[PDB]
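Colleague: I'd like to ask you about the structure that follows.
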Amino acid sequence: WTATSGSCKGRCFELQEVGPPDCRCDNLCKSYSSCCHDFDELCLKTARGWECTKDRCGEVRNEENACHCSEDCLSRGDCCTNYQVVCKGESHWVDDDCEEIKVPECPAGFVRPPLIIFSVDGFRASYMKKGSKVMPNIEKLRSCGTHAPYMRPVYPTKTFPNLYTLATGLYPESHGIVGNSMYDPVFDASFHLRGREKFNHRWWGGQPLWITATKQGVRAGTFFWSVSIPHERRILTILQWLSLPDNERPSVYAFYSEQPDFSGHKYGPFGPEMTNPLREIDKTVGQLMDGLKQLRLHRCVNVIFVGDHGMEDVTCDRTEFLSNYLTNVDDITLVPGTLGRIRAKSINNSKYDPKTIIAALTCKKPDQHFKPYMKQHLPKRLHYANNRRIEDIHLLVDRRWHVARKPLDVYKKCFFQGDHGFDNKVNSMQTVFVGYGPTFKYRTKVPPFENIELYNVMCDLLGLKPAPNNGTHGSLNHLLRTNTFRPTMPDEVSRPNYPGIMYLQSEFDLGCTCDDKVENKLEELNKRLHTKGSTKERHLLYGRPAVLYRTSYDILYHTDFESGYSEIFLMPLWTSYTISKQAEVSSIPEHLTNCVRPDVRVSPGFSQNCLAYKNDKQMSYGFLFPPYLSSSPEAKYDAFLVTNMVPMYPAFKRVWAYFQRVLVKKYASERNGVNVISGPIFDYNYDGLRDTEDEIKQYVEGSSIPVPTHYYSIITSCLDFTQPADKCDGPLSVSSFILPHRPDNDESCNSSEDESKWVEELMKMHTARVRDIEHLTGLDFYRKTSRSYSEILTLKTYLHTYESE
Ligand SMILES: *[C@@H]1O[C@H](CO)[C@@H](O[C@@H]2O[C@H](CO)[C@@H](O[C@@H]3O[C@H](CO[C@H]4O[C@H](CO)[C@@H](O)[C@H](O[C@H]5O[C@H](CO)[C@@H](O)[C@H](O)[C@@H]5O[C@H]5O[C@H](CO)[C@@H](O)[C@H](O)[C@@H]5O)[C@@H]4O)[C@@H](O)[C@H](O[C@H]4O[C@H](CO)[C@@H](O)[C@H](O)[C@@H]4O[C@H]4O[C@H](CO)[C@@H](O)[C@H](O)[C@@H]4O)[C@@H]3O)[C@H](O)[C@H]2NC(C)=O)[C@H](O)[C@H]1NC(C)=O
Ligand SMILES: O=C(c1cc(OCC2CCOCC2)nc(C2CC2)c1)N1CC2=C(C1)CN(C(=O)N1CCn3c(n[nH]c3=O)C1)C2
Ligand SMILES: [Ca+2]
Ligand SMILES: [Cl-]
Ligand SMILES: [K+]
Ligand code: NA
Ligand SMILES: [Zn+2]
């Protein structure tokens, strides 16, 4: 119930929301069917439109007008945005030369530069170049301020998940908005685009910026706008708020545009109908900037121009139907379109089996345009699993396609030519970022970055302490002139042991054998030196990783590699080695094919054993430092140490052996040497965080040897590839992966072929940031470089995406 008989007189666009049954006058009252009777008349005036004309200048105030051109309008804060241009001979902001804003130039009474966040739905990154002729205001913000060539959204590349990530700095799995449509089985409730359930606060987790601000005594404009409030009125409301007295005036504001997304769905991302919507958004930006200039705020406010996601060409004919794969199609519920999410239609159906659904959807048609996954097997870079609202079964849909349950769903609902939602590394889904103002840098291009990073920067711009989030605070310091956040490296929690030779060969009863019984003072001191770390500077280039949790581990040195060996997990946490451009690849000699050697530095009780692998008929083993890249025949024996062995399914060893025997050398050739850090990851509860021992669901049969869920590599080299990886004076270049440790290669439809036709494609799909590996391992990398810590944080957030330009 709403008592709509109250009045909006003196309350239009009031900041504090009043509670039912009282009638509302705030910018969302329309959306709740709750505005007072006179809200349109008083608060949505349209008379005479949005622009001053010559003949209105100096008019007698008529309060019915949408905006004013009377002499008192600046003092009232309600001039049309072009007033000073039309009536006082001023220039539009866009027509003024770019001049560096070295310090905030603010009116008296402003405690800090306000922040205005201008968000555009479906604004694809390439619009900045392709639409540049029709967007002069936005182009000036971009060229004069700080910009990235594109900003990476979160998956799924839908509106509400991305807007709420922008608001919180959280992955969707953490903030809870995991799609535009959702079912929560605990609540037994559904979230939809249409209707009232989506306003219930229980959907919305984390702490969005407007709450962070309010908690810390920074006032916020209302961030949301009912669809029928026209853009010109939204801008005028912002500008009116900015004339409030100091103690009532917000410091942070948000404007949201439904365009260009609305037209892009109808016309495709580059339909000829798209020029007008881009022009219209640019005009709105011009209104805001002119309005700020009238208020003498144009060199005071920080403006962010940001998109949620891009837009791809997608038509009704490019739809795959689950009815062409499944016999049982009426027993499932599908969330459809540019991603798929599948669950049982009835919880009372005991004949529901995810395993048979997955199998029926795997590599069934030669050109199949989606791939099924159990959510825990999705690429870890998506961070799309740890929420009860994400269904166990997921379909990753190819760009340009949809998935639907049955054909009747597509025509009892062609209309559309554009859509979005796909994998957040897809070029068409990339969006935009521009920052302009005193706190942003001047005429500065920054590398592409992820939208999860922006909440921290928005907090930095407002003097707020961010709530705990998934950004890496400091990684975006290079965007800012001032207000940078200067973090310290985390403290190492566990110090390593440095064991020497402590065990005789016969103390080991591991069931391992090696043909290594082959016997010199010249070369005897040299092998002693290698075991004490004489080559460590070559193979450990950026210092040892720090262990950020409590555990027992040993540093082990070798001629060709160094490792941190966990006495708890019985295997290395990390293995570090350097491969020069000139390194040679060699075979595993015939006589050493099954060689595994006890390590006389590590007790039998803290070692793996070969008998377990013999008895486990599903599990085999691999090595972290590759025997193929040994520096010499003698050094090769180190690679067969029991301390370098890790459990590997045979199906995964195909992947791993190709990476080690072929790809590492390829990268060293291309990059002028590489440094590799490889290791295991355990994430059985798919939370993106290192498992404790008591979370491990699988061991090598009969043993305490834990089975990794994934294997990582971090591959570092010199950004200036004229310098070798091991003598690099400047910035670094990195690519990383987190490969799923799976007992089959069902993910790779072409896996019956030679590894050269499918393995690198798998690895590209599972590309990762160093920071992703940090979360999954409790390790901190790059602790000892010549580089600034903020630059290192930026490096750790880098993702190598493998898309063209
Ligand atoms: C990305 O960044 C985020 C933010 O930093 C990271 O997420 C954090 O990670 C922590 C570890 O997973 C986690 O800490 C736990 O919090 C528990 C209390 O949580 C409530 O309070 C906070 C603070 O206000 C609130 O934000 C939480 O919000 C979640 O839940 C509500 C719904 O209830 C959602 O609306 C919201 O979206 C959010 O959901 C997300 O997180 C939860 C987990 O909290 C997931 O389950 C959801 O799927 C979703 O992803 C909560 O309202 C706290 O009680 C925990 O303590 C347990 O573990 C400790 C170990 O230190 C142990 O000492 C205790 O014994 C305790 O265990 C007991 O409970 C167990 C479970 O019932 C039980 O099994 C045991 O036997 C014990 O009885 C714990 O400290 C933190 O909550 C989240 N925060 C957020 C916002 O998500 C995220 O990790 C980052 N991701 C990456 C990849 O880096
Ligand atoms: O006002 C907001 C808004 C604005 C908003 O800013 C958060 C800011 C935080 C800081 O960084 C800048 C962003 N945050 C929210 C939610 C997340 C808290 C909401 N609205 C969004 C939408 C509205 C109005 C209507 N609409 C819609 O019907 N479609 C649903 C269907 N859909 C759409 N486009 N394409 C498509 O499929 C959009 C989407
Ligand atoms: Ca985990
Ligand atoms: Cl969705
Ligand atoms: K075996
Ligand atoms: Na296969
Ligand atoms: Zn859309």
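Colleague: Please indicate, with yes or no, whether at least one residue in the range 792-800 is surrounded by 19 or more Cβ atoms within 10 Å (Cβ to Cβ), assigned to a loop (DSSP other than H, G, I, E, B), touching a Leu at 6+ places or on another chain (Cβ under 6 Å) and hydroxyl-bearing (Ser, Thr, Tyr). Reasoning before the result, please.
Modeller: Initially, the range 792-800 is screened for residues surrounded by 19 or more Cβ atoms within 10 Å (Cβ to Cβ), giving 792-799.
Pick out the ones that are also assigned to a loop (DSSP other than H, G, I, E, B) and you get 798-799.
Next cut, touching a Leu at 6+ places or on another chain (Cβ under 6 Å) only: none.
No - not one qualifying residue is present in the range 792-800.
Colleague: Quick check on the range 690-706: of everything there that is among the hydrophobic types (A, V, I, L, M, F, W, C) and out of contact with any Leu (no Cβ under 7 Å at 6 or more places or on another chain), which residue is surrounded by the most Cβ atoms within 10 Å (Cβ to Cβ)?
Modeller: Looking at the filtered set, the residue picked out is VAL700.
Colleague: Tell me, which strands (runs of 3 or more DSSP E) wholly within the range 629-740 include 1 or more residues that are within 16 Å of ligand 3 (Cβ to nearest atom)?
Modeller: Once the strands (runs of 3 or more DSSP E) in the range 629-740 are filtered for at least 1 residues that are within 16 Å of ligand 3 (Cβ to nearest atom), what remains is 674-681, 710-718, 732-740.
Let's see how each residue does on (1) in contact with a helix residue (DSSP H, G or I) (Cβ under 9 Å, 6 or more places away or on another chain); (2) charged (D, E, K, R); (3) buried (at least 17 other Cβ atoms within 10 Å of the Cβ):
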{"residue": "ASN328", "(1), (2), (3)": "yes, no, no"}
{"residue": "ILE342", "(1), (2), (3)": "yes, no, yes"}
{"residue": "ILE347", "(1), (2), (3)": "no, no, no"}
{"residue": "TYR352", "(1), (2), (3)": "yes, no, no"}
{"residue": "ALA359", "(1), (2), (3)": "no, no, no"}
{"residue": "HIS377", "(1), (2), (3)": "no, no, yes"}
{"residue": "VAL397", "(1), (2), (3)": "no, no, yes"}
{"residue": "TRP401", "(1), (2), (3)": "no, no, yes"}
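Colleague: Can I ask one more? So which residues in the range 742-779 are within 30 Å of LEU548 (Cα to Cα), in a helix (DSSP H, G or I) and either away from ligand 6 (no atom under 16 Å from the Cβ) or not aliphatic (A, V, I, L, M) (or both)?
Modeller: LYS764, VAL770, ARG771, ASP772, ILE773, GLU774, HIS775, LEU776, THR777
Colleague: Just to be sure I understand, how many residues within the range 660-687 are out of contact with any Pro (no Cβ under 8 Å at 6 or more places or on another chain), surrounded by 15 or more Cβ atoms within 10 Å (Cβ to Cβ) and farther than 28 Å from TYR613 by Cα?
Modeller: Count: 8.
Colleague: Look at the range 187-229 and say how many of its residues are of a type in the set (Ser, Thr, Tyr) and more than 20 Å from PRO466 (Cβ to Cβ).
Modeller: The qualifying residues number 4.
Colleague: Confirm whether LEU295 is among the aliphatic types (A, V, I, L, M) and farther than 23 Å from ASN162 by Cβ.
Modeller: yes
Colleague: Exactly one condition in (1) closer than 24 Å to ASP744 by Cα; (2) of a type in the set (A, V, I, L, M); (3) within 16 Å of ligand 5 (Cβ to nearest atom); (4) in contact with a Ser or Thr (Cβ under 7 Å, 6 or more places away or on another chain) is false for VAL642; which is it?
Modeller: The single condition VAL642 does not satisfy is (1).
Colleague: Could you identify the single residue in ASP72, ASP78, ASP38 that is under 17 Å from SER243 (Cα atoms), charged (D, E, K, R), out of contact with any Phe, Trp or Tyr (no Cβ under 6 Å at 6 or more places or on another chain) and surrounded by 14 or more Cβ atoms within 10 Å (Cβ to Cβ)?
Modeller: On inspection, the qualifying residue turns out to be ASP78.
Colleague: Also, quick follow-up: Could you grab me the full set of residues in the range 540-556 that are under 16 Å from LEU732 (Cβ atoms) and either among the hydroxyl-bearing types (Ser, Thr, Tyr) or surrounded by 18 or more Cβ atoms within 10 Å (Cβ to Cβ) (or both)?
Modeller: As a first pass, look at the range 540-556 and keep what is under 16 Å from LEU732 (Cβ atoms): 540-543, 545.
Correct list: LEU540, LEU541, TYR542, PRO545.
Colleague: Residues that are farther than 19 Å from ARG381 by Cβ, at least 2 per element: which helices (runs of 4 or more DSSP H) completely within the range 124-193 meet that? Quick ask: steps written out before the conclusion?
Modeller: Working: elements: 127-130, 136-144, 159-168, 172-175.
Ranges flagged: 127-130, 136-144, 159-168.
Colleague: Restricting to the range 355-379, and then to whatever is of a type in the set (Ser, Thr, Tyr) and more than 21 Å from the chain's Cα centre (by Cα), can you tell me which residue is nearest to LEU762 (Cα to Cα)?
Modeller: Top of the filtered list is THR362.
Colleague: Considering only the range 220-336, give the helices (runs of 4 or more DSSP H) lying wholly within it that have at least 2 residues that are among the small types (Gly, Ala, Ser).
Modeller: By residue number, 261-267, 275-294.
Colleague: Then there is this: Determine the pairs where a residue that is at positive phi, located within the range 649-676, has a partner that is assigned to a helix (DSSP H, G or I) and hydrophobic (A, V, I, L, M, F, W, C) with Cβ atoms under 7 Å apart, the partner being 6 or more residues away or on another chain.
Modeller: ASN672/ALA725; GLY673/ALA725
Colleague: Moving to a separate point now. Could we say that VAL646 is buried (at least 21 other Cβ atoms within 10 Å of the Cβ), β-branched (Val, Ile, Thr), under 24 Å from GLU755 (Cβ atoms) and out of contact with any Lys or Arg (no Cβ under 8 Å at 6 or more places or on another chain) here? I'd like the intermediate steps shown before the answer.
Modeller: On the way: buried (at least 21 other Cβ atoms within 10 Å of the Cβ): yes; β-branched (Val, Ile, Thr): yes; under 24 Å from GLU755 (Cβ atoms): yes; out of contact with any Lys or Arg (no Cβ under 8 Å at 6 or more places or on another chain): yes.
Yes: the conditions hold for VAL646.
Colleague: Could you please let me know if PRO438 is assigned to a loop (DSSP other than H, G, I, E, B) and either within 15 Å of ligand 7 (Cβ to nearest atom) or surrounded by 17 or more Cβ atoms within 10 Å (Cβ to Cβ) (or both)? Write out each step before concluding.
Modeller: Values: assigned to a loop (DSSP other than H, G, I, E, B): yes; either within 15 Å of ligand 7 (Cβ to nearest atom) or surrounded by 17 or more Cβ atoms within 10 Å (Cβ to Cβ) (or both): yes.
Yes: the conditions hold for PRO438.
Colleague: Do you know which residues across the range 465-487 are part of a loop (DSSP other than H, G, I, E, B), more than 14 Å from ligand 1 (Cβ to nearest atom) and among the aliphatic types (A, V, I, L, M)?
Modeller: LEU476
Colleague: Any residue in the range 415-442 that's farther than 17 Å from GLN259 by Cα and of a type in the set (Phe, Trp, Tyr): show its pairings with residues that are away from ligand 7 (no atom under 12 Å from the Cβ) and in a strand (DSSP E or B) at Cβ separation under 7 Å, as long as the two are six or more apart or on different chains.
Modeller: As it stands, the answer is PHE422/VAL397; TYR436/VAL303; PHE440/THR146; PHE440/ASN302; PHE440/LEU480, since those pairs meet every condition given.
Computed from the coordinates by the stated procedures, all read-outs in this text should not be read as laboratory data. In this analysis, Cβ positions are derived from the backbone assuming ideal geometry, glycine residues included, and neighbour counts consider all displayed protein chains.
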